[PDB]
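**Student:**
Protein chains: 4
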Amino acid sequence: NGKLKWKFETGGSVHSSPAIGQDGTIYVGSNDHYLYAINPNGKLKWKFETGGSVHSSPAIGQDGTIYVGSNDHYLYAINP
Amino acid sequence: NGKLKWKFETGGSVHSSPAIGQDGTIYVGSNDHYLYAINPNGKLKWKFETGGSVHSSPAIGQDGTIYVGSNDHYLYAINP
Amino acid sequence: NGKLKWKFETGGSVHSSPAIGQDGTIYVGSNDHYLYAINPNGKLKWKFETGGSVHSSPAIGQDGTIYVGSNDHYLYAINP
Amino acid sequence: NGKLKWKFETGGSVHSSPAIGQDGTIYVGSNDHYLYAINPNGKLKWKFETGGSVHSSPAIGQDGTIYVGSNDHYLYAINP
Ligand SMILES: [Zn+2]
Ligand SMILES: [Zn+2]
Ligand SMILES: [Zn+2]
Ligand SMILES: [Zn+2]
Ligand SMILES: [Zn+2]
Ligand SMILES: [Zn+2]
Ligand SMILES: [Zn+2]
Ligand SMILES: [Zn+2]
Ligand SMILES: [Zn+2]
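Keeping their order, the protein sequence lines are chains A, B, C and D. FYI, in UniProt numbering the residues of the first sequence are 145 to 224. FYI, in UniProt numbering the residues of the second sequence are 145 to 224. FYI, in UniProt numbering the residues of the third sequence are 145 to 224. FYI, in UniProt numbering the residues of the fourth sequence are 145 to 224.
1. Roughly how many angstroms lie between the CA atoms of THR154 (chain B) and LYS189 (chain D), to the nearest whole one?
2. Among C:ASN223, C:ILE222, C:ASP216, C:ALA221, which has the Cα closest to the Cα of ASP176 (chain C)?
3. I'd like to check one pair, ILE170 (chain B) with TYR211 (chain C): are the Cβ atoms closer than 8 Å?
4. Give every residue of the same chain whose Cβ lies closer than 8 Å to the Cβ of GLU193 (chain C), excluding the five residues on either side of it in the sequence, and list them in chain order.
5. What residue range does the beta strand (DSSP E) around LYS149 (chain D) cover?
6. Check whether the Cβ of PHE152 (chain C) lies closer than 8 Å to any Cβ atom in chain D.
7. Could you please tell me which residues of the region 181–207 of chain B, in chain order, have their CB closer than 8 Å to any CB of chain C?
8. Report the neighbours of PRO224 (chain A) on chain B: residues whose CB is nearer than 7 Å to its CB, in chain order.
9. Could you confirm whether any beta carbon from chain C is found closer than 8 Å to the beta carbon of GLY213 (chain D)?
10. Give the interface partners of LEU148 (chain A) over in chain B, defined as CB-CB distance under 9 Å, in chain order.
11. So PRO224 (chain B) packs on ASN185 (chain A), CB below 8 Å; how close in whole Å?
12. Give the interface partners of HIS159 (chain A) over in chain B, defined as CB-CB distance under 8 Å, in chain order.
13. In chain order, what residues of the same chain have a beta carbon less than 6 Å from the beta carbon of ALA181 (chain C), not counting five sequence neighbours either side?
14. Any beta carbon from chain B within less than 8 Å of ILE210 (chain A)'s own beta carbon?
15. Taking only the alpha-carbon atoms, compute the straight-line gap between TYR218 (chain C) and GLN206 (chain C) and give it to the nearest angstrom.
16. For the putative contact between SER197 (chain C) and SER161 (chain B), defined by C-beta atoms under 8 Å, what is the C-beta separation to the nearest angstrom?
17. Determine the chain C residues that contact residue 123 (chain B) at a beta-carbon separation under 8 Å, and present them in chain order.
18. Is any beta-carbon of chain F found at less than 8 Å from that of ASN183 (chain A)?
19. Helix, strand or coil: how does DSSP classify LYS189 (chain D) here?
20. List the residues that DSSP assigns as beta-bridge partners of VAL158 (chain D).
21. What do you reckon, is the C-beta of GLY196 (chain D) under 7 Å from a heavy atom of ligand 9?
See below:
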């Protein structure tokens with residue numbers, strides 16, 4: 145209907161575009177160098193430190209592996 | 145066929161990439177800080193103020209929740 | 145296998161990310177202000193002038209309508 | 145669970161967003177001008193030189209053709 149139902153504060157501008165995994169866990173990268181995993185309800189599931197801003201938007205494989213690039217030249221494959 | 149069928153003026157450059165929800169409602173974020181929801185025919189459905197330019201591109205969950213990040217460091221989950 | 149099978153010269157850097165329509169027609173926006181439609185084989189189908197660089201990546205609706213934003217503040221809905 | 149399972153060093157910041165092909169091969173473009181293809185396990189499959197940074201995110205056609213744009217004004221269609 146357009147009403148907010150939660151925001152989640154990362155550390156920097158979230159330029160990455162978010163992905164939704166087979167279980168509704170939402171994955172997004174932030175300029176704070178972190179890929180965030182938020183449970184569908186708004187509470188963090190985990191965050192993964194890389195070496196630079198995550199402008200890449202996460203891709204999601206069949207087994208649920210999360211694939212995302214980072215300003216630190218690396219393509220990361222992260223277990224769920 | 146390539147003919148236009150409507151443009152919709154947001155307030156700033158629309159860098160966000162648009163998403164299409166289970167009902168055809170198209171969701172896009174604009175540098176005017178707004179996530180826009182446009183009914184499939186071109187008339188606004190609603191727009192949601194965040195605190196900065198929305199470069200993130202909206203993700204869309206099973207229940208239709210719209211997930212998008214914003215230059216204001218937050219990941220937003222917005223009801224339809 | 146990794147061999148090229150065609151490039152298509154737009155007028156400026158293609159930052160937009162390409163979309164594939166129900167018939168294989170590939171849609172991408174270019175900084176030359178144009179959304180390009182390329183037939184699956186590499187020959188243009190059409191290109192649609194907007195008022196600025198198309199950094200947005202095209203979305204594709206059920207009927208095949210192409211939805212994309214542009215640096216000119218507008219969200220465009222373009223017939224196939 | 146959030147544990148890493150491999151990073152892959154490209155040559156520059158990976159701004160492109162990665163795509164997953166019908167066989168799990170992950171495709172991403174890097175600012176080093178290369179579109180990378182990584183086998184699902186982390187070892188390269190191949191990398192394709194273009195003429196500029198690949199900010200575009202790869203699209204994937206029915207036959208597995210990889211479609212991506214590049215800062216060198218070209219839209220590339222690359223065999224698997
Ligand atoms: Zn900030
Ligand atoms: Zn940094
Ligand atoms: Zn402007
Ligand atoms: Zn602002
Ligand atoms: Zn150039
Ligand atoms: Zn211009
Ligand atoms: Zn971008
Ligand atoms: Zn660097
Ligand atoms: Zn270069």
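The C-beta atom is built at its ideal place from N, Cα and C for all residues, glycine as well.
**Tutor:** So, from the listed chains and residues:
1. 42 Å
2. C:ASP216
3. yes
4. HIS177, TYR178
5. 148–153
6. yes
7. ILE182, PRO184, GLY186, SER201
8. Neighbours of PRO224 (chain A) on chain B: none; closest Cβ ~17 Å, over 7 Å.
9. yes
10. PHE192, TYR220, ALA221, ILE222, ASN223
11. No, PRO224 (chain B) and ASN185 (chain A) are not in contact; Cβ-Cβ is about 17 Å, not under 8 Å.
12. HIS199, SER200, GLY213, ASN215
13. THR169, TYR171, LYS189, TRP190
14. no
15. 21 Å
16. Contact doesn't hold; Cβ gap of about 14 Å is too wide.
17. Residue coverage of chain B in this structure runs from 145 to 224, which leaves residue 123 (chain B) outside it and unanswerable.
18. Protein chains A, B, C and D are contained in the structure displayed, whereas chain F is not.
19. strand
20. Partner(s): none; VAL158 (chain D) has no beta bridge.
21. yes
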